[PDB]
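A.B. asks: Structure below; questions to follow.
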Amino acid sequence: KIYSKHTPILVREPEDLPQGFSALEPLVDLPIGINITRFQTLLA
Amino acid sequence: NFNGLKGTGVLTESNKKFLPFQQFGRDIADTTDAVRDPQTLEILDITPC
Amino acid sequence: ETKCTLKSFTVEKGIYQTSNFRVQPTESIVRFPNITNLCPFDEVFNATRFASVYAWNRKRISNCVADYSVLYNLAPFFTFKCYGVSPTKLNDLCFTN
Amino acid sequence: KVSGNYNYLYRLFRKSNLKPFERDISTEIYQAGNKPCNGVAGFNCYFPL
Amino acid sequence: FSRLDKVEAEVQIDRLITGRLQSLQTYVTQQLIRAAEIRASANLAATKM
Amino acid sequence: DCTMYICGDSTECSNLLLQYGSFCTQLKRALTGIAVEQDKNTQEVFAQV
């Protein structure tokens with residue numbers, strides 16, 4: 001289960017987190033079976 | 001007998017918008033009342049006779 | 001009907017309640033996907049070699065039609081007893097995976 | 001096998017109990033004595049497979 | 001019904017018949033109590049009139 | 001209702017319910033007793049001329 005909430009066109013300085021309601025939605029489900037305890041986030 | 005949901009009622013059309021990860025509809029009584037046909041993917045509504 | 005319900009042979013003047021009212025269904029409708037891919041049970045069961053206990057393998061079975069009738073047709077299948085579903089009722093249900 | 005099939009193995013000791021559907025195969029040497037045992041199996045430390 | 005064999009599904013279905021059946025009695029008993037205080041208050045209203 | 005609340009849309013369920021005796025026959029008698037009395041309270045208070 002992958003819960004992504006990507007807000008574009010948000011006109012604000014970075015500072016800290018803004019005020020609002022976030023409803024995480026499972027975009028895609030992928031049933032492997034293995035469990036993960038460590039990982040690294042890739043960046044371009 | 002929608003995918004194993006045995007029951008009786010009149011099958012009509014519905015306007016509620018399921019999410020892509022939503023397939024079953026429930027209510028306060030926790031009895032199914034909204035299912036989607038696997039073959040053609042319209043959203044239906046179930047009400048007893 | 002009201003004589004039978006009141007368990008008496010005559011009924012006095014008044015209003016009495018009796019059996020309920022219902023409408024029977026007209027016909028039946030059954031809907032299931034259209035895949036017909038014939039899941040590979042014989043590949044799993046009739047495999048030449050089986051893994052070890054400490055390194056048991058996990059196999060994925062999906063997007064295919066399940067048919068346990070031929071699977072149970074094999075004579076030496078003895079230790080068969082299921083918890084969630086009655087064993088004879090595996091040809092009329094569906095599973096996520 | 002008449003000649004002896006020994007490709008199937010099990011274990012006789014593990015450090016701790018496991019949660020259901022656990023997933024790892026660590027074949028490290030297991031010891032029973034207080035002193036650490038490293039390398040080859042010796043006293044109070046034996047091959048776990 | 002369609003998931004369990006009929007030989008022992010009676011045991012499962014019995015513990016659910018009694019669960020719902022006991023719920024109704026508690027509701028009915030509440031109605032008898034509530035109907036008692038209303039009737040005890042209608043006689044007072046009739047006496048006032 | 002006796003059955004549609006307990007074994008709604010399950011014909012075989014009602015067959016098992018008959019083995020519990022005459023339970024809801026009391027409920028229909030008890031619930032009716034409240035309903036008829038509610039009309040008598042209104043008659044007593046208002047209908048006096």
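Letters for chains follow the order of the structure tokens (A, B, ...), residue numbers begin at 1 for each chain, and ligand numbers begin at 1 in the order shown.
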Do a neighbour search on residue C:40 at 9 Å with only C-alpha atoms, toss out local chain neighbours closer than 5 positions, and write the hits as a PDB file with C-alpha atoms, in the first residue's frame.
C.D. replies:
ATOM      1  CA  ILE C  61      -0.847 -17.650  -8.346  1.00  0.00           C
ATOM      2  CA  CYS C  64      -6.212 -17.391 -13.749  1.00  0.00           C
ATOM      3  CA  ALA C  66      -9.001 -22.013 -10.165  1.00  0.00           C
TER       4      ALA C  66
END
A.B. asks: Could you write out as JSON, numbers by chain the residues of chain C within 12 Å of chain A, counting only C-alpha atoms?
C.D. replies: {"C": [57, 58, 59, 60, 61, 62, 96, 97]}
A.B. asks: Find the residues of chain F in contact range of chain C, meaning any atom within 12 Å when counting only C-alpha atoms, and list them as a ChimeraX atom specification.
C.D. replies: /F:1-4,8-9,11,25,28-29,32,36
A.B. asks: Do a neighbour search on residue D:27 at 10 Å with only C-alpha atoms, toss out local chain neighbours closer than 4 positions, and write the hits as a ChimeraX atom specification.
C.D. replies: /D:11,14,47-49
A.B. asks: Enter the distance from atom CA of residue A:5 to atom CA of residue A:25, in Å, rounded to one decimal.
C.D. replies: 7.4 Å
A.B. asks: Per DSSP on the backbone, filter chain B down to the residues in strand (DSSP E) and report them as a list in words.
C.D. replies: residues 10, 11, 12, 13, 24, 25, 34, 35, 44, 45, 46 and 47 of chain B
A.B. asks: For the selection you just gave me, I'd like the residues written to a file as a PDB file, in the first residue's frame, keeping N, CA and C atoms.
C.D. replies:
ATOM      1  N   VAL B  10     -33.503  -5.492  -5.886  1.00  0.00           N
ATOM      2  CA  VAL B  10     -33.630  -4.906  -7.214  1.00  0.00           C
ATOM      3  C   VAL B  10     -32.351  -4.139  -7.520  1.00  0.00           C
ATOM      4  N   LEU B  11     -31.729  -4.461  -8.649  1.00  0.00           N
ATOM      5  CA  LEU B  11     -30.470  -3.845  -9.043  1.00  0.00           C
ATOM      6  C   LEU B  11     -30.762  -2.601  -9.872  1.00  0.00           C
ATOM      7  N   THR B  12     -30.331  -1.446  -9.376  1.00  0.00           N
ATOM      8  CA  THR B  12     -30.553  -0.172 -10.040  1.00  0.00           C
ATOM      9  C   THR B  12     -29.216   0.536 -10.227  1.00  0.00           C
ATOM     10  N   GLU B  13     -29.272   1.721 -10.822  1.00  0.00           N
ATOM     11  CA  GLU B  13     -28.091   2.539 -11.042  1.00  0.00           C
ATOM     12  C   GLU B  13     -27.831   3.443  -9.841  1.00  0.00           C
ATOM     13  N   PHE B  24     -16.636  -2.084  -2.788  1.00  0.00           N
ATOM     14  CA  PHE B  24     -17.817  -2.427  -2.009  1.00  0.00           C
ATOM     15  C   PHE B  24     -18.327  -1.207  -1.258  1.00  0.00           C
ATOM     16  N   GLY B  25     -19.645  -1.076  -1.189  1.00  0.00           N
ATOM     17  CA  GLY B  25     -20.293  -0.006  -0.446  1.00  0.00           C
ATOM     18  C   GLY B  25     -21.032  -0.574   0.752  1.00  0.00           C
ATOM     19  N   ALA B  34     -23.807  -1.509  -2.276  1.00  0.00           N
ATOM     20  CA  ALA B  34     -23.296  -0.915  -3.506  1.00  0.00           C
ATOM     21  C   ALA B  34     -22.122  -1.744  -3.998  1.00  0.00           C
ATOM     22  N   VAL B  35     -22.271  -2.346  -5.178  1.00  0.00           N
ATOM     23  CA  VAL B  35     -21.237  -3.181  -5.772  1.00  0.00           C
ATOM     24  C   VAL B  35     -21.058  -2.787  -7.231  1.00  0.00           C
ATOM     25  N   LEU B  44     -23.315   0.145  -9.118  1.00  0.00           N
ATOM     26  CA  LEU B  44     -24.715  -0.171  -8.884  1.00  0.00           C
ATOM     27  C   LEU B  44     -25.087   0.107  -7.433  1.00  0.00           C
ATOM     28  N   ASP B  45     -26.391   0.078  -7.175  1.00  0.00           N
ATOM     29  CA  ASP B  45     -26.940   0.273  -5.843  1.00  0.00           C
ATOM     30  C   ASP B  45     -27.978  -0.808  -5.584  1.00  0.00           C
ATOM     31  N   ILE B  46     -27.983  -1.341  -4.366  1.00  0.00           N
ATOM     32  CA  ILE B  46     -28.841  -2.462  -4.002  1.00  0.00           C
ATOM     33  C   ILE B  46     -29.808  -2.004  -2.921  1.00  0.00           C
ATOM     34  N   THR B  47     -31.104  -2.173  -3.178  1.00  0.00           N
ATOM     35  CA  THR B  47     -32.149  -1.921  -2.199  1.00  0.00           C
ATOM     36  C   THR B  47     -33.125  -3.090  -2.181  1.00  0.00           C
TER      37      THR B  47
END
A.B. asks: Output as a ChimeraX atom specification the set of chain B residues within 12 Å of chain E, with distances taken over only C-alpha atoms.
C.D. replies: /B:1,4-6
A.B. asks: Create the file for the chosen residues now, containing N, CA, C and O atoms and written as a JSON list (two decimals), in the first residue's frame.
C.D. replies:
[["chain", "number", "residue", "atom", "x", "y", "z"],
["B", 1, "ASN", "N", -25.62, -12.49, -7.53],
["B", 1, "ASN", "CA", -24.47, -13.26, -7.07],
["B", 1, "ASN", "C", -23.17, -12.58, -7.50],
["B", 1, "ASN", "O", -22.27, -13.20, -8.06],
["B", 4, "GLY", "N", -19.82, -13.60, -5.48],
["B", 4, "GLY", "CA", -20.07, -14.31, -4.24],
["B", 4, "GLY", "C", -20.92, -13.59, -3.22],
["B", 4, "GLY", "O", -20.99, -14.03, -2.07],
["B", 5, "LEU", "N", -21.58, -12.49, -3.61],
["B", 5, "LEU", "CA", -22.44, -11.74, -2.69],
["B", 5, "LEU", "C", -23.88, -12.18, -2.92],
["B", 5, "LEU", "O", -24.67, -11.51, -3.58],
["B", 6, "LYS", "N", -24.22, -13.33, -2.35],
["B", 6, "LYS", "CA", -25.56, -13.87, -2.48],
["B", 6, "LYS", "C", -26.56, -12.97, -1.76],
["B", 6, "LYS", "O", -26.31, -12.50, -0.65]]
A.B. asks: Tell me the residues of chain E close to chain C, meaning within 12 Å using only C-alpha atoms, as a PDB file with N, CA, C and O atoms, in the first residue's frame.
C.D. replies:
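Below you can see selection.pdb, which holds the result:
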ATOM      1  N   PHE E   1     -22.907 -19.539   5.180  1.00  0.00           N
ATOM      2  CA  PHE E   1     -23.425 -20.807   4.679  1.00  0.00           C
ATOM      3  C   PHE E   1     -22.550 -21.347   3.557  1.00  0.00           C
ATOM      4  O   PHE E   1     -22.155 -22.519   3.571  1.00  0.00           O
ATOM      5  N   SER E   2     -22.225 -20.499   2.581  1.00  0.00           N
ATOM      6  CA  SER E   2     -21.473 -20.938   1.413  1.00  0.00           C
ATOM      7  C   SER E   2     -19.991 -21.125   1.696  1.00  0.00           C
ATOM      8  O   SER E   2     -19.282 -21.668   0.843  1.00  0.00           O
ATOM      9  N   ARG E   3     -19.504 -20.695   2.856  1.00  0.00           N
ATOM     10  CA  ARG E   3     -18.093 -20.826   3.188  1.00  0.00           C
ATOM     11  C   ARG E   3     -17.791 -22.021   4.076  1.00  0.00           C
ATOM     12  O   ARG E   3     -16.682 -22.557   4.014  1.00  0.00           O
ATOM     13  N   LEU E   4     -18.743 -22.455   4.895  1.00  0.00           N
ATOM     14  CA  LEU E   4     -18.520 -23.537   5.840  1.00  0.00           C
ATOM     15  C   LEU E   4     -19.451 -24.703   5.541  1.00  0.00           C
ATOM     16  O   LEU E   4     -20.547 -24.524   5.001  1.00  0.00           O
ATOM     17  N   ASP E   5     -18.992 -25.901   5.890  1.00  0.00           N
ATOM     18  CA  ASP E   5     -19.782 -27.105   5.692  1.00  0.00           C
ATOM     19  C   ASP E   5     -21.010 -27.100   6.594  1.00  0.00           C
ATOM     20  O   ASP E   5     -20.970 -26.635   7.735  1.00  0.00           O
ATOM     21  N   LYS E   6     -22.107 -27.643   6.069  1.00  0.00           N
ATOM     22  CA  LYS E   6     -23.373 -27.639   6.789  1.00  0.00           C
ATOM     23  C   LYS E   6     -23.344 -28.495   8.047  1.00  0.00           C
ATOM     24  O   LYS E   6     -24.260 -28.385   8.868  1.00  0.00           O
ATOM     25  N   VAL E   7     -22.328 -29.342   8.215  1.00  0.00           N
ATOM     26  CA  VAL E   7     -22.297 -30.234   9.369  1.00  0.00           C
ATOM     27  C   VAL E   7     -22.072 -29.451  10.659  1.00  0.00           C
ATOM     28  O   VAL E   7     -22.691 -29.739  11.689  1.00  0.00           O
ATOM     29  N   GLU E   8     -21.198 -28.444  10.627  1.00  0.00           N
ATOM     30  CA  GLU E   8     -20.872 -27.682  11.822  1.00  0.00           C
ATOM     31  C   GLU E   8     -21.164 -26.194  11.693  1.00  0.00           C
ATOM     32  O   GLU E   8     -20.994 -25.460  12.673  1.00  0.00           O
ATOM     33  N   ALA E   9     -21.600 -25.724  10.521  1.00  0.00           N
ATOM     34  CA  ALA E   9     -22.018 -24.333  10.402  1.00  0.00           C
ATOM     35  C   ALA E   9     -23.225 -24.034  11.275  1.00  0.00           C
ATOM     36  O   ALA E   9     -23.502 -22.862  11.551  1.00  0.00           O
TER      37      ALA E   9
END
A.B. asks: Please provide as a list in words all residues within 9 Å of residue B:37, with the sequence filter that same-chain residues fewer than 2 positions apart are discarded (counting only C-alpha atoms).
C.D. replies: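 Residues meeting the cut-off are residues 2, 3, 35, 39, 40, 41, 42, 43 and 44 of chain B; 31 and 32 of chain C.
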A.B. asks: Just write the chosen residues, C-alpha atoms, as a tab-separated table (two decimals), in the first residue's frame.
C.D. replies:
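Everything below was put into part30.tsv:
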chain	number	residue	atom	x	y	z
B	2	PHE	CA	-21.95	-10.48	-7.68
B	3	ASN	CA	-18.59	-12.17	-7.01
B	35	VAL	CA	-21.24	-3.18	-5.77
B	39	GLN	CA	-17.20	-7.30	-16.42
B	40	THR	CA	-18.59	-3.81	-17.11
B	41	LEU	CA	-17.49	-1.43	-14.39
B	42	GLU	CA	-20.55	0.70	-13.69
B	43	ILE	CA	-21.43	1.34	-10.05
B	44	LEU	CA	-24.71	-0.17	-8.88
C	31	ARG	CA	-21.38	-12.33	-12.66
C	32	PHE	CA	-17.66	-13.43	-12.67
A.B. asks: Compute the chain B side of the contact with chain A at 10 Å, counting only C-alpha atoms, and hand it back as a tab-separated table (two decimals) with C-alpha atoms, in the first residue's frame.
C.D. replies:
chain	number	residue	atom	x	y	z
B	19	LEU	CA	-12.51	5.55	-5.63
B	20	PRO	CA	-10.27	3.28	-7.73
B	21	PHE	CA	-9.45	1.29	-4.58
A.B. asks: Distance cut-off 10 Å, counting only C-alpha atoms - which residues of chain D neighbour chain A? Return them as number ranges by chain.
C.D. replies: D: 21-24
A.B. asks: What parts of stretch 8-60 of chain C does DSSP call helix (DSSP H, G or I)? I'd like the answer as a PyMOL selection string.
C.D. replies: chain C and resi 41-45
A.B. asks: Find the residues in chain E near chain F: any atom within 7 Å counts, using only C-alpha atoms. Write them as a list in words.
C.D. replies: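 Selected residues: residues 20, 35, 42, 45 and 46 of chain E.
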A.B. asks: Write a file of the just-selected residues containing N, CA, C and O atoms, as a PDB file, in the first residue's frame.
C.D. replies:
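Output contents, as saved in selection_22.pdb:
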ATOM      1  N   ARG E  20     -28.488 -12.078  18.261  1.00  0.00           N
ATOM      2  CA  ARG E  20     -29.489 -11.118  17.814  1.00  0.00           C
ATOM      3  C   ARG E  20     -30.794 -11.274  18.579  1.00  0.00           C
ATOM      4  O   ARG E  20     -31.490 -10.283  18.821  1.00  0.00           O
ATOM      5  N   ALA E  35     -43.134   2.719  28.659  1.00  0.00           N
ATOM      6  CA  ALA E  35     -44.587   2.807  28.624  1.00  0.00           C
ATOM      7  C   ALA E  35     -45.185   2.917  30.018  1.00  0.00           C
ATOM      8  O   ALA E  35     -46.312   3.399  30.159  1.00  0.00           O
ATOM      9  N   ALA E  42     -49.878  10.211  32.120  1.00  0.00           N
ATOM     10  CA  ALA E  42     -51.134  10.567  31.475  1.00  0.00           C
ATOM     11  C   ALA E  42     -52.289  10.601  32.462  1.00  0.00           C
ATOM     12  O   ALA E  42     -53.215  11.402  32.296  1.00  0.00           O
ATOM     13  N   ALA E  45     -52.171  13.942  34.013  1.00  0.00           N
ATOM     14  CA  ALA E  45     -52.719  14.945  33.105  1.00  0.00           C
ATOM     15  C   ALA E  45     -54.235  14.855  33.035  1.00  0.00           C
ATOM     16  O   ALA E  45     -54.919  15.881  32.970  1.00  0.00           O
ATOM     17  N   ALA E  46     -54.778  13.638  33.035  1.00  0.00           N
ATOM     18  CA  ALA E  46     -56.227  13.484  33.042  1.00  0.00           C
ATOM     19  C   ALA E  46     -56.838  14.033  34.320  1.00  0.00           C
ATOM     20  O   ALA E  46     -57.905  14.654  34.280  1.00  0.00           O
TER      21      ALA E  46
END
A.B. asks: Show me a table, sorted first by chain and then by increasing residue number, of the residues of chain C having an atom at most 10 Å from chain D, each with its shortest atom pair and the distance in Å to one decimal, counting only C-alpha atoms and written as CSV.
C.D. replies:
residue,atom,partner,partner_atom,distance
C:50,CA,D:8,CA,9.4
C:51,CA,D:8,CA,7.9
C:52,CA,D:8,CA,5.4
C:53,CA,D:10,CA,6.7
C:54,CA,D:10,CA,6.0
C:55,CA,D:25,CA,7.0
C:56,CA,D:23,CA,9.9
A.B. asks: So what do you get for atom CA of residue F:18 versus atom CA of residue C:22, distance-wise?
C.D. replies: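 Going from atom CA of residue F:18 over to atom CA of residue C:22 covers 18.7 Å.
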A.B. asks: Measure the distance from atom CA of residue B:8 to atom CA of residue C:18 in Å and round it to one decimal.
C.D. replies: 23.9 Å
A.B. asks: Could you tell me which residues of chain C sit within 12 Å of chain B when counting only C-alpha atoms, and give me the result as an NGL selection string?
C.D. replies: :C and (21-35 or 91-96)
